[PDB]
Number of protein chains: 2
Amino acid sequence: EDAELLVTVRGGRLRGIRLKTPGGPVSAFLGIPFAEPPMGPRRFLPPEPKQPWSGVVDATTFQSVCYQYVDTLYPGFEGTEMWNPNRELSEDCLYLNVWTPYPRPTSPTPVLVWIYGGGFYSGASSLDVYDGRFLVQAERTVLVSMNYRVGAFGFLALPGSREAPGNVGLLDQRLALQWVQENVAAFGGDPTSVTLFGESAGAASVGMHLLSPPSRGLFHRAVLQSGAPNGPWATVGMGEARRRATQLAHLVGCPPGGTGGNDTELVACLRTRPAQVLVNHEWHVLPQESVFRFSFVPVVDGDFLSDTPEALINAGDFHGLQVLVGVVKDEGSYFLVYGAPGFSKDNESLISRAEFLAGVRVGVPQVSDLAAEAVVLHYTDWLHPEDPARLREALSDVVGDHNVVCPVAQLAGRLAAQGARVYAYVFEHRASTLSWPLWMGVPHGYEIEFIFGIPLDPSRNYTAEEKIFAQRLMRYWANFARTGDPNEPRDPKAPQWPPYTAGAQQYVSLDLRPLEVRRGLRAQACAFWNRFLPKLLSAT
Amino acid sequence: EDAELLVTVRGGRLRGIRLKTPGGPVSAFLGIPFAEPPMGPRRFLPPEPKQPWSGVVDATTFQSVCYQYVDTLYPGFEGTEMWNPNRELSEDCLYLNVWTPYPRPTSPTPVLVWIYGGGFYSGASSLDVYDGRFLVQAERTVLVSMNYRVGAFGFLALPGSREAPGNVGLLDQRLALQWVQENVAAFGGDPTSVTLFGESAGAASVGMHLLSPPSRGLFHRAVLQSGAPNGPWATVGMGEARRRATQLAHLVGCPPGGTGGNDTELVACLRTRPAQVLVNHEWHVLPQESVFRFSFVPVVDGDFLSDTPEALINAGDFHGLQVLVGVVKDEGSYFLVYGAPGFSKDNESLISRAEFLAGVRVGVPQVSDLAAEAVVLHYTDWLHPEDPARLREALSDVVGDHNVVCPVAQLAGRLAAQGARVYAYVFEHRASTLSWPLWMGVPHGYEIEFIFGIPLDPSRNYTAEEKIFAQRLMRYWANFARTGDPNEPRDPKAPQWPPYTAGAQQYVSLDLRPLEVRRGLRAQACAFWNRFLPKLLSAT
Ligand SMILES: NC(=O)c1cc[n+](CCCn2ccnc2/C=N/O)cc1
Ligand SMILES: NC(=O)c1cc[n+](CCCn2ccnc2/C=N/O)cc1
């Protein structure tokens, strides 16, 4: 009843809201504070737990979005603005949301925790495509999603100093995980069956938590969608993070005039600046000749990450852990319209040979000219080295393999070979309502709406097949959250999803057709990135 | 009583609104349609007059802003967003506004007509800084302002063809001028005493009307604020206009693969595209290595402009015309934060010598290496060739002189020497409420709020001296509109404003201090741009 919309947690009382789905109602608790507002002197600091409150906190609507850059490449366009903030920006943003079935579960229920992506510079738990009402109604699981500080506010780092240690955006997620341990039982959720799942930078975050011992105790399973902590964009060195942080200070006038520039005076100067001012110079801090490179990302400090993600994945024991990994068919196409020459969402992006050669330097930055030739002469079809359509898909493969598919395949192989049960997929269905052009195929990010069951929304023009497809995927994700195995615990009639192993390298394709097993997550291309290219880079 | 808010014009009846000023009320008629909506098959075509309507058109609020790019360089910033659209974007935007004193004048009154700036790619008559309620109350004049199509919708040109003839944005302004001839009498205005005044691209527009015979009959005096038709940014050649238009068609997928590319099929394809799609690719049409260069500007076709503005100004007889021209102290500083390396509004923009040498390439983009050297070695202080503060102001002088001050001084000299009475000014007061940084001084466009008397708004924190100053400036502009002479028609107490002649080159400084006469509008620098540099291009 209306009594199930009232819940007490360790910090105080909450009033939720009843959400409707075509299959029945759901109880949602949107906007639960899990940390003290990280403002004024607490900007750039690790989060402090929210102190208990008197009265009833209203938990009926999403709270503020953390301060972030707002994408303006295509104003008024659905394909880009669906990721933009849909609540007002504020540094007061450390809130989490909880969906729970109606009636509330009597017995402890497995908990899904969502970590949004957005390159560590954007994103929000309030986005329409992260609506948890459909996954909770159809699979009677408990869904939690948190906000975490992005951009400079979450990942500006002057390593060594205590005024700006870095990775505070990861600590925000960790605190939200500690909050789930201490309070998800009150919503009917099992704190012993917690399944993290994220996408892009959210998936990378999930991977960073697997490799951080303090976070490792707060969950039991992991799902990484189109991202990995070992990606070339997901981390940064201490020296580069200090250079970026210092350059941002310079751009906003820090330190003032002629004055000392130790870490303490620099952060104090940064704390006096309005939040929007720091955001307005976020992209100017990089060399600014890049697609896929982000200014403030997790730093390898020796604290949250004792070593690089690659090192920790190799030297890591993963027995007793189940992972679900995967990518979309066309991982790189969405990013090409963000700086690759000759590309535009409003034409066919039939690029020339010279544009392809320049795009490789944009999509694979920082590498040497000989390394670029290895990429070009490996992704060229030499029977059609000038076909524009093939060059377009080649560059899309170049930036997709280098940034997503091969970092993911590298990780999935090391996990399976080191004792973790791993299941791998490739998402190959292009939504019928997709607004991006046809040549992008199944772009990065556009499986999320099917995992969250958005096709079930009656106010959307999804086909009957996509509705059944969405229910199928929700069953896969929920079964993995419940049992660690996406396969039906009692249904062998439907095609089976074999584990992924370093040898067989099996995965399944997710589309309207029944499950189909394949071998190799682009094994040929990924051997070039994972094996040959590092040996080639030790020429300088 | 309230019967003065109802007025009949040639097309039908209108209901206006009474606006309040601290000195008394004013009658405003906001949103008068003067053309048929240029939508669908009419896009890119010259405007057609608004056909008469039945009933009473509501004229109590500003109408839609013409489709245009929206500046996002500093989100949430007062200094940039005061120029952004403050009404909904639409192609249905050919509307004009009329302010008139209360009580309505019984004898014919001089008419001021405002043409907004915005580089021919943006701007709107509805901006708060253009509100004529204070100018009309204080000086009992009649103020008119129109919207004209900007960007591709106003200035896309495939010269020779009739599907996209070009300069249709200038024809929108002309139609609004024909409208003032036929209807301003109904508001108490004298159609024989019409003074055009504009700023930046608006000032350039005013100048192109002086040089177009069909427009010359529609007004009697001109005011040009920080702009001129002979500026290097204000016009474009036929060949370049065709190349730019074709590039925009390619970016939006026109024509579809395999279709012929004649002008008819190209424009037909462009007309099917949504307006926002064309706007989203406007800047991608240039080489895109330019501060101060705009994609779609008036073309020199032989129709609206029988020759280049430079030729028409030289070969022109300007007897019987009074012109008021001028500039602000720091014309170029506004534009450096829009692409000049090392510049940011949030620090002191202390640029290096290398950044200065690179910025000259951005501020003067069309030149050769040798021409750039002549610029660098002319604007360098050779006793302090590395002082960043001086280099900063040197680049501001480079950009300001090349784009505004010297094209204006060129025009003002030719006009006075060829029979026009000319008055020249330099605006030297930096508003106390200015939000741009101090190092920008008096940036481009920040005299407008004083000409329009915005300091009189009680909801603003302007000083008492700026209020008196704004009233003084309104008297100058109004006196010029009535008599052709900014000086008080019978008051020799105040210092007097001498005409500007090709020899004495006298102008006045407008600031809180009384008028002060000076000689030379950057005469030394402008000899370099107007006389010497054309001679080094001649070494092709
Ligand atoms: N203000 C700027 O100049 C700016 C440049 C690049 N970006 C890139 C962000 C968009 N993006 C979306 C997905 N991946 C990216 C990264 N491209 O580099 C944003 C802003
Ligand atoms: N989308 C873009 O990357 C973009 C580039 C340049 N501009 C030019 C800004 C307009 N402007 C304002 C004052 N001066 C200028 C002209 N700059 O060339 C706008 C947008």
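All heavy atoms count here, side chains included; hydrogens, waters and symmetry mates do not. Below, chains carry the letters A, B, ... as their sequence lines are ordered, and counting in each starts from 1. Whatever order the structure lists them in is the order used to number ligands and atoms, beginning at 1.
Residue contact check for ligand 2: B:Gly339 places no non-hydrogen atom closer than 4.0 Å to it.
Atom 6 (C) of ligand 2 has B:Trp283 CE3, 4.0 Å as its closest protein atom, hydrogens excluded (heavy atom only).
Which of A:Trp233, A:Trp83, A:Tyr121 comes nearest to atom 12 (C) of ligand 1 through a heavy atom is settled by distance: it is A:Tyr121.
Of the N or O atoms in B:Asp71, none lie within a sub-3.5 Å distance of an N or O in ligand 2. Between B:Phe335 and ligand 2, a contact under 3.5 Å exists for no N or O pair.
Here the closest heavy-atom approach between residue A:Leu89 and residue A:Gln276 is recorded as CD1-OE1, 4.2 Å.
Numbered from 1 in the order shown, with element, the atoms of ligand 2 that lie under 4.0 Å from a heavy atom of B:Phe292 read 16 (C), 17 (N), 18 (O). Interface of A:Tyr69 with ligand 1, defined as ligand atoms under 4.0 Å from a residue heavy atom, comprises 1 (N), 19 (C), 20 (C). The distance from ligand 1 to the heavy atoms of A:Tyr334 drops below 4.0 Å at these ligand atoms: 12 (C), 13 (C). Residue-ligand proximity, A:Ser290 to ligand 1, at heavy-atom distances under 4.0 Å covers atoms 18 (O).
Closer than 4.0 Å to atom 3 (O) of ligand 2 lies none of the heavy atoms of the protein.
If you run ring pair (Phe, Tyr, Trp, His ring centres under 6.0 Å) between A:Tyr121 and each of A:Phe155, A:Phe296, A:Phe294, only A:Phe294 comes through.
Remark: aromatic rings of B:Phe335 and B:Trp233 are distant, center separation not under 6.0 Å. The aromatic ring centres of A:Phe427 and A:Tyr446 sit 6.0 Å or more apart. Aromatic rings of B:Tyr148 and B:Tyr116 (six-membered ring for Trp) have centroids within the 6.0 Å cut-off, being under it.
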